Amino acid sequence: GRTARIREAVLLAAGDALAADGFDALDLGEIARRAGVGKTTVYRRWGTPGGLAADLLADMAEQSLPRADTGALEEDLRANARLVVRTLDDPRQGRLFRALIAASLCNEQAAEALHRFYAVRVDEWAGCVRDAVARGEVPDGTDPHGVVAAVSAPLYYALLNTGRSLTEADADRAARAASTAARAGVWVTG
């Protein structure tokens, strides 16, 4: 429909601008000009740069892809880690994710949406751990969220804290570390 294709264009423009210039530069009147839509429409619908980032993160969460299902926990977590590395190492996507994390640190609306995005992604990949528990590969009571969060965590710590580039070897070690600890019962609750 009309407003659906306008939203699509406005979100594309937002992702492009965030990747280019970061959250500090994101401006709704400019996104309106770039998307070719009335300034009033963009302000009315998204309100602020943080609302625009929030809705971009909503869209990203809604389109997040299903988990791998290989039959083995480590292979599943490796598929996960390698996709996160391919995403963060992409010139555009890596700059976009940095800008969206910056938005979350600057703006409470964007923070809520960023956390919801990671909740959706973790909860999807958590199905791998539920399958590993059912097949007896990891102990009963293993928290799926903790195991999955543990796979992405060192990839983001490299991105953001150490400032190192990520490699496929980093993805494999993130998955191997989490798998090893999960098998040993590290995330068995209580």
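Throughout, we count residues from 1 along the sequence that is shown.
- Stretches 77-85 and 113-121 differ in mean CA B factor, with 77-85 having the higher one.
- As the entry records it, the average C-alpha temperature factor is higher for 40-48, out of 40-48 and 122-130.
- By the numbers in the PDB entry, the CA B factor is greatest at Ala25 among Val10, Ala178, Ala25, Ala169.
- The deposited CA B-factor of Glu62 belongs to the middle third of values across its chain.
- When the CA B factors of the chain's modelled residues are split into thirds, the value for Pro154 lands in the lowest one.
- Among all modelled residues in its chain, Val147 ranks in the middle third by Cα B-factor.
- In the PDB entry, a CA B factor belonging to the middle third of its chain's modelled residues is recorded for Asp69.
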